[PDB]
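> Sharing a structure below in structure tokens format, with a few things to ask.
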Amino acid sequence: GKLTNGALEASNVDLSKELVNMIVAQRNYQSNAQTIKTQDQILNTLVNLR
Amino acid sequence: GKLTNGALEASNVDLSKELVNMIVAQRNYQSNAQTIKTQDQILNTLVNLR
Amino acid sequence: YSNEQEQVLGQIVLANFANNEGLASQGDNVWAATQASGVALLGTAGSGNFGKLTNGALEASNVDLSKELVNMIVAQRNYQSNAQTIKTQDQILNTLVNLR
Amino acid sequence: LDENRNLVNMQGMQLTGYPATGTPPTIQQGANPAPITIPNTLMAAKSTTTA
Amino acid sequence: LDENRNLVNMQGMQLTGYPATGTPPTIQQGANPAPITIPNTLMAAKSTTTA
Amino acid sequence: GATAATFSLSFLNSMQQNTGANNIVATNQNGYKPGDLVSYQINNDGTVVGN
Amino acid sequence: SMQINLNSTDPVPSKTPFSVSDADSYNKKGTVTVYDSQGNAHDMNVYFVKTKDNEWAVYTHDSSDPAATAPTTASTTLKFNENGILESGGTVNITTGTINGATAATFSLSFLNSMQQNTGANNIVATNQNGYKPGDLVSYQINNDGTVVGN
Amino acid sequence: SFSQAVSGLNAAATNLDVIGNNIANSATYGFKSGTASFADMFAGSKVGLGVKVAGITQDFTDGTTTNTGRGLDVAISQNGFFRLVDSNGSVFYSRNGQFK
Amino acid sequence: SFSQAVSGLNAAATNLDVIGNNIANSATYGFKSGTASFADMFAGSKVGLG
Amino acid sequence: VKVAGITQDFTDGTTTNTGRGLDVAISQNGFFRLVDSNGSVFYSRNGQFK
């Protein structure tokens, strides 16, 4: 099609959904961190089993 | 029908209801922001649960 | 009509049910009835249970702001009470582990 | 008013109601609820009978 | 108000109470407690007796 | 094709003004026509009142 | 079953004789959609003409079958008392038509508890038939009684 | 929960973008109003999860017309649209009548 | 004990989801209010659990 | 005391509006029919296809 004569196209970046993903993946990372914390406490008790 | 001979039709933009929607959707956005703030504080306590 | 004529092209019907709460959402504001909803109480506007509608006007939400935020605060505090309760429970079970 | 002569919403669902039949058509009370149409068809060329 | 003409809760239990009988019906003090109904039935076509 | 109905008619407490104008105070009859359930309310006594 | 509330203050229809296309020849027209063994939806136009006080000639017309002529005979005649209580003329067996090689189905039709309003407007209260068409298992639920209920 | 939150957030953001674009073409010639619609979501069992946008809803009410100096700028008063053609012969429409 | 805890926790979470969905369709056209109800549990001997 | 096995649950989930039109999730009961290089039939509710 006909282009943008004398005009330049910037990014297609939206702000809101990016920060939403930044919050949600952070909380998923926190879930992973607490999960591995519980795993390491379980293995600590497995050490404390002996 | 008979058109506007030698006359050009501008926008049908009203001012008052546009600014009303600008206020109301802003306040709805503030409600969403405080809602997600409370959500993130809840998930902060869920992190602080462990 | 162009020849100074007026002919009715139809008339929209209306209905009520035995239970308004017995509806079922079908995506948007679209309601499929249930067995607990009631049979189609048919009729026309302005007669009996039906009244004159809003000609050229659209009804928005019935949302109040204050009581919604009040419930948002109160259920959050109840959630905090549940969280501290389960915190005390887990500390009790931690001591039960530390019992041995 | 859609291309299929009916008043449809953004979801395309046609609103129903009482139809009118006859010449001239009037809303009858004992009909099935029908999707209300706005036809652009030509009117009935009726001659003078009672004046 | 459910389909069985009674004021029922979310559990469907009907609330009971004193019924009214007669024409015109009044609440009597010596009845069994009855589930209170809101009937959509037609009223009694009463002619003029005392004016 | 109705029936010729005979009713009792009382002019109780109809007073004679010493001066003034002949004026009907009030009229009342116990005869009416149905009449159907439109809505319903309950007062502060637990009585379900039909409208 | 067809229950209908009818105004008593209505006059006799002056348009003579009766025609199915003459709305002024009657006062009220009903319509009930029934189904046969071939499952065709026969829509009975039920016309009611006030002959005199409390007496109404009730005509049935299978409008879904175009080969049926204009009914000039009475299917029944609803006759009532002074108070407007349902007295007589409220039950008739009506034979339907044949659509696409179906069978003409005869059904019992009751006008039970059809009341006569002292004043108002002629209004059908309710219609009901035990005839339907399948119909298949969409879903299933169980209430608080252990009964598996089919949807 | 967070799905309804991001749904309402993006709906409010997109509606405000629609409103700001309607403000951006204030007092331009040949403009018809356009707004946004709303949508909801289907019930899971009987719950309902999400509130969405049904799409852009253009409105075609009559606007304001100014007398101009030329005679070759003719707006359309009633229902009607000017037929335009591109270099590739495709048919388009515009109520704007400014042509030289 | 923990049954009542998870019952109250999921009830508070589901009620807050109901409230947030009611906020999500603020100012939409054709909206009627919807809330959540509560329930309790039958007594074991005379206790009540949940 | 043992394990009877894996119990999959098929309740309705959360759906997000996406930018493309070629990513169509399945709302009601239904499954997309896929095929491998060996012609075997598989199923997936995911509708992201290019």
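Residue numbers start at 1 in each chain; chains themselves are named A, B, ... in the order of the structure tokens; ligands are numbered from 1 in the order shown.
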What are the closest atom pairs, with distances in Å to one decimal, for each residue of chain H lying within 12 Å of segment 18-40 of chain I, using only C-alpha atoms, rows by chain and rising residue number, as JSON lines?


```
{"residue": "H:1", "atom": "CA", "partner": "I:20", "partner_atom": "CA", "distance": 6.6}
{"residue": "H:2", "atom": "CA", "partner": "I:20", "partner_atom": "CA", "distance": 8.7}
{"residue": "H:3", "atom": "CA", "partner": "I:21", "partner_atom": "CA", "distance": 9.3}
{"residue": "H:4", "atom": "CA", "partner": "I:21", "partner_atom": "CA", "distance": 5.9}
{"residue": "H:5", "atom": "CA", "partner": "I:24", "partner_atom": "CA", "distance": 6.7}
{"residue": "H:6", "atom": "CA", "partner": "I:24", "partner_atom": "CA", "distance": 9.1}
{"residue": "H:7", "atom": "CA", "partner": "I:24", "partner_atom": "CA", "distance": 7.4}
{"residue": "H:8", "atom": "CA", "partner": "I:24", "partner_atom": "CA", "distance": 5.0}
{"residue": "H:9", "atom": "CA", "partner": "I:24", "partner_atom": "CA", "distance": 8.3}
{"residue": "H:10", "atom": "CA", "partner": "I:24", "partner_atom": "CA", "distance": 10.6}
{"residue": "H:11", "atom": "CA", "partner": "I:24", "partner_atom": "CA", "distance": 9.1}
{"residue": "H:12", "atom": "CA", "partner": "I:24", "partner_atom": "CA", "distance": 9.6}
{"residue": "H:36", "atom": "CA", "partner": "I:28", "partner_atom": "CA", "distance": 10.8}
{"residue": "H:37", "atom": "CA", "partner": "I:28", "partner_atom": "CA", "distance": 8.4}
{"residue": "H:38", "atom": "CA", "partner": "I:28", "partner_atom": "CA", "distance": 6.3}
{"residue": "H:39", "atom": "CA", "partner": "I:28", "partner_atom": "CA", "distance": 8.3}
{"residue": "H:40", "atom": "CA", "partner": "I:25", "partner_atom": "CA", "distance": 7.7}
{"residue": "H:41", "atom": "CA", "partner": "I:21", "partner_atom": "CA", "distance": 10.3}
{"residue": "H:43", "atom": "CA", "partner": "I:21", "partner_atom": "CA", "distance": 12.0}
{"residue": "H:46", "atom": "CA", "partner": "I:34", "partner_atom": "CA", "distance": 11.5}
{"residue": "H:47", "atom": "CA", "partner": "I:18", "partner_atom": "CA", "distance": 8.3}
{"residue": "H:48", "atom": "CA", "partner": "I:21", "partner_atom": "CA", "distance": 8.3}
{"residue": "H:49", "atom": "CA", "partner": "I:21", "partner_atom": "CA", "distance": 7.2}
{"residue": "H:50", "atom": "CA", "partner": "I:21", "partner_atom": "CA", "distance": 6.7}
{"residue": "H:51", "atom": "CA", "partner": "I:24", "partner_atom": "CA", "distance": 5.9}
{"residue": "H:52", "atom": "CA", "partner": "I:25", "partner_atom": "CA", "distance": 8.5}
{"residue": "H:53", "atom": "CA", "partner": "I:28", "partner_atom": "CA", "distance": 9.9}
{"residue": "H:54", "atom": "CA", "partner": "I:28", "partner_atom": "CA", "distance": 11.2}
```

> Find the residues in chain C near chain B: any atom within 10 Å counts, using only C-alpha atoms. Write them as an MDAnalysis selection string.

chainID C and resid 65 69 72:73 76:77 79:80 83:84 86:87 90

> Any chance you could lay chain D over chain E, fitting all C-alpha atoms in order by least squares, and write the moved chain as a PDB file with N, CA, C and O atoms, in the first residue's frame?


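Result file follows (selection.pdb):
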```pdb
ATOM      1  N   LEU D   1     -40.320 -14.972  46.027  1.00  0.00           N
ATOM      2  CA  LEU D   1     -41.568 -15.555  45.548  1.00  0.00           C
ATOM      3  C   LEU D   1     -41.265 -16.572  44.455  1.00  0.00           C
ATOM      4  O   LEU D   1     -40.874 -16.201  43.344  1.00  0.00           O
ATOM      5  N   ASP D   2     -41.441 -17.852  44.766  1.00  0.00           N
ATOM      6  CA  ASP D   2     -41.018 -18.911  43.865  1.00  0.00           C
ATOM      7  C   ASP D   2     -42.144 -19.250  42.887  1.00  0.00           C
ATOM      8  O   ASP D   2     -43.191 -18.599  42.855  1.00  0.00           O
ATOM      9  N   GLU D   3     -41.926 -20.288  42.078  1.00  0.00           N
ATOM     10  CA  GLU D   3     -42.932 -20.718  41.112  1.00  0.00           C
ATOM     11  C   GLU D   3     -44.109 -21.401  41.794  1.00  0.00           C
ATOM     12  O   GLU D   3     -45.203 -21.469  41.222  1.00  0.00           O
ATOM     13  N   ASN D   4     -43.910 -21.897  43.013  1.00  0.00           N
ATOM     14  CA  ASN D   4     -44.970 -22.501  43.804  1.00  0.00           C
ATOM     15  C   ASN D   4     -45.655 -21.493  44.715  1.00  0.00           C
ATOM     16  O   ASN D   4     -46.107 -21.865  45.805  1.00  0.00           O
ATOM     17  N   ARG D   5     -45.686 -20.220  44.312  1.00  0.00           N
ATOM     18  CA  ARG D   5     -46.420 -19.109  44.919  1.00  0.00           C
ATOM     19  C   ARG D   5     -45.950 -18.764  46.327  1.00  0.00           C
ATOM     20  O   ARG D   5     -46.642 -18.017  47.012  1.00  0.00           O
ATOM     21  N   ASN D   6     -44.792 -19.238  46.771  1.00  0.00           N
ATOM     22  CA  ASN D   6     -44.361 -19.009  48.142  1.00  0.00           C
ATOM     23  C   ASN D   6     -43.038 -18.258  48.197  1.00  0.00           C
ATOM     24  O   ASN D   6     -42.206 -18.334  47.291  1.00  0.00           O
ATOM     25  N   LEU D   7     -42.853 -17.528  49.291  1.00  0.00           N
ATOM     26  CA  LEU D   7     -41.614 -16.794  49.533  1.00  0.00           C
ATOM     27  C   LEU D   7     -40.575 -17.770  50.069  1.00  0.00           C
ATOM     28  O   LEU D   7     -40.574 -18.109  51.254  1.00  0.00           O
ATOM     29  N   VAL D   8     -39.687 -18.238  49.194  1.00  0.00           N
ATOM     30  CA  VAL D   8     -38.687 -19.230  49.565  1.00  0.00           C
ATOM     31  C   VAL D   8     -37.307 -18.587  49.527  1.00  0.00           C
ATOM     32  O   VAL D   8     -37.070 -17.596  48.825  1.00  0.00           O
ATOM     33  N   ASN D   9     -36.396 -19.154  50.309  1.00  0.00           N
ATOM     34  CA  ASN D   9     -35.050 -18.617  50.435  1.00  0.00           C
ATOM     35  C   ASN D   9     -34.160 -19.212  49.350  1.00  0.00           C
ATOM     36  O   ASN D   9     -34.632 -19.815  48.383  1.00  0.00           O
ATOM     37  N   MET D  10     -32.847 -19.044  49.506  1.00  0.00           N
ATOM     38  CA  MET D  10     -31.901 -19.703  48.615  1.00  0.00           C
ATOM     39  C   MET D  10     -31.897 -21.211  48.811  1.00  0.00           C
ATOM     40  O   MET D  10     -31.595 -21.950  47.869  1.00  0.00           O
ATOM     41  N   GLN D  11     -32.245 -21.683  50.004  1.00  0.00           N
ATOM     42  CA  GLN D  11     -32.415 -23.106  50.251  1.00  0.00           C
ATOM     43  C   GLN D  11     -33.793 -23.606  49.848  1.00  0.00           C
ATOM     44  O   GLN D  11     -34.062 -24.805  49.975  1.00  0.00           O
ATOM     45  N   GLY D  12     -34.669 -22.721  49.377  1.00  0.00           N
ATOM     46  CA  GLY D  12     -35.980 -23.109  48.911  1.00  0.00           C
ATOM     47  C   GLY D  12     -37.011 -23.334  49.991  1.00  0.00           C
ATOM     48  O   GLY D  12     -38.142 -23.715  49.669  1.00  0.00           O
ATOM     49  N   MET D  13     -36.670 -23.110  51.255  1.00  0.00           N
ATOM     50  CA  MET D  13     -37.617 -23.337  52.336  1.00  0.00           C
ATOM     51  C   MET D  13     -38.631 -22.205  52.407  1.00  0.00           C
ATOM     52  O   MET D  13     -38.274 -21.024  52.363  1.00  0.00           O
ATOM     53  N   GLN D  14     -39.903 -22.579  52.514  1.00  0.00           N
ATOM     54  CA  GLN D  14     -41.000 -21.623  52.532  1.00  0.00           C
ATOM     55  C   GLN D  14     -41.228 -21.117  53.950  1.00  0.00           C
ATOM     56  O   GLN D  14     -41.314 -21.910  54.893  1.00  0.00           O
ATOM     57  N   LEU D  15     -41.331 -19.800  54.094  1.00  0.00           N
ATOM     58  CA  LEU D  15     -41.650 -19.190  55.375  1.00  0.00           C
ATOM     59  C   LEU D  15     -43.148 -19.286  55.624  1.00  0.00           C
ATOM     60  O   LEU D  15     -43.959 -19.027  54.729  1.00  0.00           O
ATOM     61  N   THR D  16     -43.509 -19.659  56.844  1.00  0.00           N
ATOM     62  CA  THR D  16     -44.891 -19.931  57.198  1.00  0.00           C
ATOM     63  C   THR D  16     -45.472 -18.763  57.981  1.00  0.00           C
ATOM     64  O   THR D  16     -44.793 -17.778  58.279  1.00  0.00           O
ATOM     65  N   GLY D  17     -46.750 -18.882  58.313  1.00  0.00           N
ATOM     66  CA  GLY D  17     -47.389 -17.865  59.117  1.00  0.00           C
ATOM     67  C   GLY D  17     -48.895 -18.004  59.093  1.00  0.00           C
ATOM     68  O   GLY D  17     -49.452 -18.994  58.615  1.00  0.00           O
ATOM     69  N   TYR D  18     -49.542 -16.982  59.626  1.00  0.00           N
ATOM     70  CA  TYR D  18     -50.992 -17.004  59.735  1.00  0.00           C
ATOM     71  C   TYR D  18     -51.633 -16.742  58.380  1.00  0.00           C
ATOM     72  O   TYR D  18     -51.280 -15.769  57.707  1.00  0.00           O
ATOM     73  N   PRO D  19     -52.549 -17.594  57.937  1.00  0.00           N
ATOM     74  CA  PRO D  19     -53.272 -17.322  56.695  1.00  0.00           C
ATOM     75  C   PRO D  19     -54.487 -16.440  56.937  1.00  0.00           C
ATOM     76  O   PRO D  19     -54.900 -16.188  58.071  1.00  0.00           O
ATOM     77  N   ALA D  20     -55.059 -15.966  55.834  1.00  0.00           N
ATOM     78  CA  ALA D  20     -56.266 -15.149  55.847  1.00  0.00           C
ATOM     79  C   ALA D  20     -57.312 -15.807  54.957  1.00  0.00           C
ATOM     80  O   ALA D  20     -57.037 -16.107  53.791  1.00  0.00           O
ATOM     81  N   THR D  21     -58.502 -16.036  55.506  1.00  0.00           N
ATOM     82  CA  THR D  21     -59.586 -16.674  54.775  1.00  0.00           C
ATOM     83  C   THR D  21     -60.848 -15.827  54.865  1.00  0.00           C
ATOM     84  O   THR D  21     -61.037 -15.061  55.814  1.00  0.00           O
ATOM     85  N   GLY D  22     -61.711 -15.977  53.869  1.00  0.00           N
ATOM     86  CA  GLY D  22     -62.967 -15.255  53.804  1.00  0.00           C
ATOM     87  C   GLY D  22     -63.084 -14.441  52.527  1.00  0.00           C
ATOM     88  O   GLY D  22     -62.312 -14.589  51.578  1.00  0.00           O
ATOM     89  N   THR D  23     -64.102 -13.583  52.516  1.00  0.00           N
ATOM     90  CA  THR D  23     -64.329 -12.638  51.423  1.00  0.00           C
ATOM     91  C   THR D  23     -64.939 -11.382  52.033  1.00  0.00           C
ATOM     92  O   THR D  23     -66.162 -11.316  52.235  1.00  0.00           O
ATOM     93  N   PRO D  24     -64.123 -10.364  52.355  1.00  0.00           N
ATOM     94  CA  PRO D  24     -62.662 -10.281  52.232  1.00  0.00           C
ATOM     95  C   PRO D  24     -61.913 -11.034  53.332  1.00  0.00           C
ATOM     96  O   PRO D  24     -62.373 -11.056  54.473  1.00  0.00           O
ATOM     97  N   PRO D  25     -60.783 -11.650  52.983  1.00  0.00           N
ATOM     98  CA  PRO D  25     -60.049 -12.448  53.970  1.00  0.00           C
ATOM     99  C   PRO D  25     -59.341 -11.570  54.987  1.00  0.00           C
ATOM    100  O   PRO D  25     -58.747 -10.545  54.649  1.00  0.00           O
ATOM    101  N   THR D  26     -59.421 -11.982  56.248  1.00  0.00           N
ATOM    102  CA  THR D  26     -58.708 -11.332  57.335  1.00  0.00           C
ATOM    103  C   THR D  26     -57.892 -12.376  58.078  1.00  0.00           C
ATOM    104  O   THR D  26     -58.217 -13.566  58.056  1.00  0.00           O
ATOM    105  N   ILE D  27     -56.821 -11.923  58.726  1.00  0.00           N
ATOM    106  CA  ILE D  27     -55.939 -12.810  59.479  1.00  0.00           C
ATOM    107  C   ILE D  27     -56.686 -13.293  60.716  1.00  0.00           C
ATOM    108  O   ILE D  27     -57.060 -12.500  61.583  1.00  0.00           O
ATOM    109  N   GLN D  28     -56.919 -14.595  60.786  1.00  0.00           N
ATOM    110  CA  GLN D  28     -57.562 -15.206  61.934  1.00  0.00           C
ATOM    111  C   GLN D  28     -56.513 -15.660  62.940  1.00  0.00           C
ATOM    112  O   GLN D  28     -55.379 -15.995  62.581  1.00  0.00           O
ATOM    113  N   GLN D  29     -56.899 -15.651  64.212  1.00  0.00           N
ATOM    114  CA  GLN D  29     -55.997 -15.994  65.301  1.00  0.00           C
ATOM    115  C   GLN D  29     -55.995 -17.478  65.643  1.00  0.00           C
ATOM    116  O   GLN D  29     -55.137 -17.912  66.420  1.00  0.00           O
ATOM    117  N   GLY D  30     -56.918 -18.263  65.095  1.00  0.00           N
ATOM    118  CA  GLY D  30     -56.999 -19.665  65.456  1.00  0.00           C
ATOM    119  C   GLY D  30     -56.717 -20.627  64.321  1.00  0.00           C
ATOM    120  O   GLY D  30     -57.372 -21.667  64.212  1.00  0.00           O
ATOM    121  N   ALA D  31     -55.748 -20.300  63.474  1.00  0.00           N
ATOM    122  CA  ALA D  31     -55.408 -21.133  62.331  1.00  0.00           C
ATOM    123  C   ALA D  31     -54.093 -21.866  62.554  1.00  0.00           C
ATOM    124  O   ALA D  31     -53.303 -21.534  63.441  1.00  0.00           O
ATOM    125  N   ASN D  32     -53.878 -22.883  61.737  1.00  0.00           N
ATOM    126  CA  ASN D  32     -52.578 -23.523  61.647  1.00  0.00           C
ATOM    127  C   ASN D  32     -51.632 -22.566  60.937  1.00  0.00           C
ATOM    128  O   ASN D  32     -52.082 -21.805  60.069  1.00  0.00           O
ATOM    129  N   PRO D  33     -50.349 -22.521  61.294  1.00  0.00           N
ATOM    130  CA  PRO D  33     -49.404 -21.712  60.515  1.00  0.00           C
ATOM    131  C   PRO D  33     -49.221 -22.280  59.117  1.00  0.00           C
ATOM    132  O   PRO D  33     -48.932 -23.466  58.938  1.00  0.00           O
ATOM    133  N   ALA D  34     -49.408 -21.421  58.127  1.00  0.00           N
ATOM    134  CA  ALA D  34     -49.441 -21.803  56.726  1.00  0.00           C
ATOM    135  C   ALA D  34     -48.373 -21.043  55.958  1.00  0.00           C
ATOM    136  O   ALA D  34     -48.049 -19.900  56.300  1.00  0.00           O
ATOM    137  N   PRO D  35     -47.789 -21.659  54.927  1.00  0.00           N
ATOM    138  CA  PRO D  35     -46.835 -20.935  54.074  1.00  0.00           C
ATOM    139  C   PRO D  35     -47.518 -19.797  53.333  1.00  0.00           C
ATOM    140  O   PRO D  35     -48.491 -20.001  52.603  1.00  0.00           O
ATOM    141  N   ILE D  36     -47.007 -18.590  53.547  1.00  0.00           N
ATOM    142  CA  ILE D  36     -47.653 -17.376  53.064  1.00  0.00           C
ATOM    143  C   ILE D  36     -47.490 -17.289  51.553  1.00  0.00           C
ATOM    144  O   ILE D  36     -46.375 -17.381  51.027  1.00  0.00           O
ATOM    145  N   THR D  37     -48.607 -17.119  50.854  1.00  0.00           N
ATOM    146  CA  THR D  37     -48.628 -17.116  49.403  1.00  0.00           C
ATOM    147  C   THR D  37     -48.936 -15.727  48.866  1.00  0.00           C
ATOM    148  O   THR D  37     -49.649 -14.940  49.495  1.00  0.00           O
ATOM    149  N   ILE D  38     -48.386 -15.436  47.691  1.00  0.00           N
ATOM    150  CA  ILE D  38     -48.682 -14.210  46.954  1.00  0.00           C
ATOM    151  C   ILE D  38     -49.330 -14.617  45.635  1.00  0.00           C
ATOM    152  O   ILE D  38     -48.643 -14.683  44.605  1.00  0.00           O
ATOM    153  N   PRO D  39     -50.628 -14.914  45.613  1.00  0.00           N
ATOM    154  CA  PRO D  39     -51.237 -15.432  44.385  1.00  0.00           C
ATOM    155  C   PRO D  39     -51.517 -14.326  43.385  1.00  0.00           C
ATOM    156  O   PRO D  39     -51.988 -13.242  43.736  1.00  0.00           O
ATOM    157  N   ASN D  40     -51.221 -14.618  42.124  1.00  0.00           N
ATOM    158  CA  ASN D  40     -51.559 -13.737  41.017  1.00  0.00           C
ATOM    159  C   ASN D  40     -52.955 -13.992  40.470  1.00  0.00           C
ATOM    160  O   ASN D  40     -53.255 -13.547  39.358  1.00  0.00           O
ATOM    161  N   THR D  41     -53.803 -14.699  41.212  1.00  0.00           N
ATOM    162  CA  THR D  41     -55.130 -15.046  40.735  1.00  0.00           C
ATOM    163  C   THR D  41     -56.041 -13.821  40.734  1.00  0.00           C
ATOM    164  O   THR D  41     -55.762 -12.800  41.370  1.00  0.00           O
ATOM    165  N   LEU D  42     -57.151 -13.945  40.012  1.00  0.00           N
ATOM    166  CA  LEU D  42     -58.097 -12.849  39.880  1.00  0.00           C
ATOM    167  C   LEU D  42     -58.836 -12.622  41.192  1.00  0.00           C
ATOM    168  O   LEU D  42     -59.065 -13.550  41.972  1.00  0.00           O
ATOM    169  N   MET D  43     -59.196 -11.367  41.439  1.00  0.00           N
ATOM    170  CA  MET D  43     -59.902 -11.013  42.657  1.00  0.00           C
ATOM    171  C   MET D  43     -61.363 -11.449  42.581  1.00  0.00           C
ATOM    172  O   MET D  43     -61.869 -11.872  41.537  1.00  0.00           O
ATOM    173  N   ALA D  44     -62.045 -11.337  43.715  1.00  0.00           N
ATOM    174  CA  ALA D  44     -63.457 -11.682  43.796  1.00  0.00           C
ATOM    175  C   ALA D  44     -64.294 -10.529  43.258  1.00  0.00           C
ATOM    176  O   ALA D  44     -64.234  -9.413  43.785  1.00  0.00           O
ATOM    177  N   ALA D  45     -65.073 -10.797  42.216  1.00  0.00           N
ATOM    178  CA  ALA D  45     -65.967  -9.794  41.654  1.00  0.00           C
ATOM    179  C   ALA D  45     -67.144  -9.592  42.597  1.00  0.00           C
ATOM    180  O   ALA D  45     -68.136 -10.325  42.527  1.00  0.00           O
ATOM    181  N   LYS D  46     -67.036  -8.604  43.478  1.00  0.00           N
ATOM    182  CA  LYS D  46     -68.034  -8.360  44.509  1.00  0.00           C
ATOM    183  C   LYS D  46     -68.934  -7.209  44.090  1.00  0.00           C
ATOM    184  O   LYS D  46     -68.448  -6.126  43.748  1.00  0.00           O
ATOM    185  N   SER D  47     -70.240  -7.450  44.117  1.00  0.00           N
ATOM    186  CA  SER D  47     -71.212  -6.416  43.817  1.00  0.00           C
ATOM    187  C   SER D  47     -71.454  -5.539  45.043  1.00  0.00           C
ATOM    188  O   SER D  47     -70.999  -5.833  46.151  1.00  0.00           O
ATOM    189  N   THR D  48     -72.179  -4.447  44.826  1.00  0.00           N
ATOM    190  CA  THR D  48     -72.479  -3.524  45.912  1.00  0.00           C
ATOM    191  C   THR D  48     -73.629  -4.054  46.758  1.00  0.00           C
ATOM    192  O   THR D  48     -74.724  -4.310  46.248  1.00  0.00           O
ATOM    193  N   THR D  49     -73.377  -4.219  48.052  1.00  0.00           N
ATOM    194  CA  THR D  49     -74.394  -4.634  49.010  1.00  0.00           C
ATOM    195  C   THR D  49     -74.797  -3.523  49.963  1.00  0.00           C
ATOM    196  O   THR D  49     -75.982  -3.194  50.055  1.00  0.00           O
ATOM    197  N   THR D  50     -73.836  -2.934  50.665  1.00  0.00           N
ATOM    198  CA  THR D  50     -74.080  -1.821  51.566  1.00  0.00           C
ATOM    199  C   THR D  50     -73.311  -0.602  51.080  1.00  0.00           C
ATOM    200  O   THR D  50     -72.104  -0.665  50.837  1.00  0.00           O
ATOM    201  N   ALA D  51     -74.019   0.516  50.949  1.00  0.00           N
ATOM    202  CA  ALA D  51     -73.407   1.740  50.460  1.00  0.00           C
ATOM    203  C   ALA D  51     -73.812   2.886  51.371  1.00  0.00           C
ATOM    204  O   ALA D  51     -74.830   2.823  52.063  1.00  0.00           O
TER     205      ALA D  51
END
```

> Listing only residues of chain B within 8 Å of chain H, what is the closest atom pair and its distance in Å (to one decimal) for each, using only C-alpha atoms, sorted by chain and residue number ascending, as a Markdown table?


```
| residue | atom | partner | partner_atom | distance |
| --- | --- | --- | --- | --- |
| B:1 | CA | H:78 | CA | 5.1 |
| B:2 | CA | H:77 | CA | 6.7 |
| B:3 | CA | H:77 | CA | 4.7 |
| B:4 | CA | H:75 | CA | 5.2 |
| B:5 | CA | H:74 | CA | 5.2 |
| B:6 | CA | H:71 | CA | 4.1 |
| B:7 | CA | H:67 | CA | 4.2 |
| B:8 | CA | H:75 | CA | 4.7 |
| B:9 | CA | H:65 | CA | 3.7 |
| B:10 | CA | H:29 | CA | 3.8 |
| B:11 | CA | H:31 | CA | 4.5 |
| B:12 | CA | H:63 | CA | 4.3 |
| B:13 | CA | H:26 | CA | 5.8 |
| B:18 | CA | H:19 | CA | 7.0 |
| B:21 | CA | H:19 | CA | 7.8 |
| B:22 | CA | H:16 | CA | 7.0 |
| B:25 | CA | H:12 | CA | 6.2 |
| B:26 | CA | H:12 | CA | 7.9 |
| B:28 | CA | H:12 | CA | 7.3 |
| B:29 | CA | H:12 | CA | 6.2 |
| B:32 | CA | H:9 | CA | 6.3 |
| B:35 | CA | H:5 | CA | 7.7 |
| B:36 | CA | H:5 | CA | 6.9 |
```
